[PDB]
Amino acid sequence: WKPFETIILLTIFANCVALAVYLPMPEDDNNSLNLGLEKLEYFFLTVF
Amino acid sequence: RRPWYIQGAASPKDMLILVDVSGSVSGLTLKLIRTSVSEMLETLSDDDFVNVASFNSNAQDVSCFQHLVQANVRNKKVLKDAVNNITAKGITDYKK
Ligand SMILES: *[C@@H]1O[C@H](CO)[C@@H](O)[C@H](O)[C@H]1NC(C)=O
Ligand SMILES: [Ca+2]
């Protein structure tokens, strides 16, 4: 009953932002930001 | 691009052509790189020494040379044939 829904909404908004900033690279390539987002998605997964 | 102009415009060279074959260079830029490397090899004479390397998270040689070669017609032909045979795959690593 606490405003637990607002923080979850902000978390999903942050997850959507992280999905938007991901850069798809051809032929199994990557950059630093993409590698940094593969670790941040663990933070969302454990919260969910 | 004439041999006399090129020999009179600079001193001999020890050239190394480093080619990026990571995943991102897949597509138009790969064929453009192949044509550009062939054209750049066309600017070298018998007094220059060249070798073509290639890196994608790991650095290697494109042909069976493993060191600088005299860059005559035969060696340049071998290097061109090896360059026209590369593919794009992997992650870029400029340090290696
Ligand atoms: C080079 O081209 C030949 C075709 O004559 C092919 O068989 C060979 O696999 C190519 N080399 C590489 C490393 O792909
Ligand atoms: Ca790249």
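Think of each number as a place in line: the chain as shown, counted from 1.
Looks like electron microscopy, 2.8 Å, at least that's what the header says.
Cβ from N, Cα, C; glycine included.
In Swiss-Prot, the motif 'MIDAS-like motif' annotation falls on B:20-24 of the listed ranges B:10-14, B:20-24. Within the chain carrying the motif 'MIDAS-like motif' (B:20-24), a Cβ under 8 angstroms from the stretch's Cβ atoms is held by residues 30, 33, 54-57, 86-93, all 6 or more beyond its ends. Fewest Cβ neighbours within 10 Å among the recorded positions B:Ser22, B:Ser24, B:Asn85: that distinction goes to B:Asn85. Highlighted here are the recorded positions (B:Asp20, B:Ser22, B:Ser24, B:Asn85) whose C-beta falls below 6 Å from ligand 1: B:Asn85, in sequence order. Looking at B:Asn85 (N-linked glycosylation site) and B:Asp20 (divalent metal cation binding site), their Cα atoms lie 14 Å from each other. When Cβ atoms from all protein chains are considered, those within 10 Å of B:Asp20 (divalent metal cation binding site) total 17, not counting its own.
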